[PDB]
Amino acid sequence: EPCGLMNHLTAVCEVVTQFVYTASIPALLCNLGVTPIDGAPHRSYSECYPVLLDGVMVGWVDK
Amino acid sequence: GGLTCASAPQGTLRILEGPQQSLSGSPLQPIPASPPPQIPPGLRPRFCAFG
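Protein sequence lines correspond, in order, to chains A and B.
Position one of the first sequence corresponds to residue 506 (UniProt numbering), numbered consecutively onward.
Position one of the second sequence corresponds to residue 103 (UniProt numbering), numbered consecutively onward.
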């Protein structure tokens with residue numbers, strides 16, 4: 506009765522449990538080439554990727 | 103003496119900082135592959151018949 510519903514992790518698999526700052530990441534993504542949600546994407550909003558980081562949309566790295 | 107709109111910019115520059123790619127070496131494993139199980143040298147029979 507529990508088939509396919511009760512699974513088990515492989516030996517190498519693991520759950521993430523650490524918590525980090527993730528505050529300097531939005532400022533690094535912009536150095537890398539992302540353009541903030543505020544504007545000037547430099548393309549057409551259709552040739553651009555919507556960047557998300559943990560629910561918060563940094564916004565529109567060029568394609 | 104106030105601020106007025108000036109001429110439209112003629113171009114835009116977007117700066118980002120980027121490093122480059124190295125050569126493809128693809129060094130897959132320290133001791134690589136699945137090394138095969140194998141024969142211990144000589145071994146010898148560890149059993150004899152009676153008589």
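The beta-carbon is built from N, C-alpha and C at its ideal position, and this holds for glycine as well.
At a cut-off of 8 Å between C-beta atoms, residue 130 of chain B does not count as an interface residue with respect to chain A. For residue 533 of chain A, the uninterrupted alpha helix (DSSP H) run begins and ends at 530–537, by DSSP. Contact between residue 536 of chain A and residue 118 of chain B holds, with the beta-carbon distance rounding to 6 Å and staying under 8 Å. Within its own chain, the residues whose Cβ lies closer than 7 Å to the Cβ of residue 538 of chain A, once the five positions on either side in sequence are excluded, are 566, 567, listed in chain order.
Going by C-alpha positions, residue 564 of chain A is about 22 Å away from residue 121 of chain B. Taking C-beta separations shorter than 7 Å and ignoring five residues to either side along the sequence, residue 126 of chain B has no partners in its chain. Of the residues assessed, residue 527 of chain A falls on the exposed side of the cut-off, its CB having fewer than 16 other CB atoms within 10 angstroms.
Put simply, of A:553, A:540, A:523 the residue whose alpha carbon is nearest the alpha carbon of residue 531 of chain A is A:540.
In this structure, residue 534 of chain A lies away from residue 561 of chain A, with their beta-carbon atoms at least 8 Å apart.
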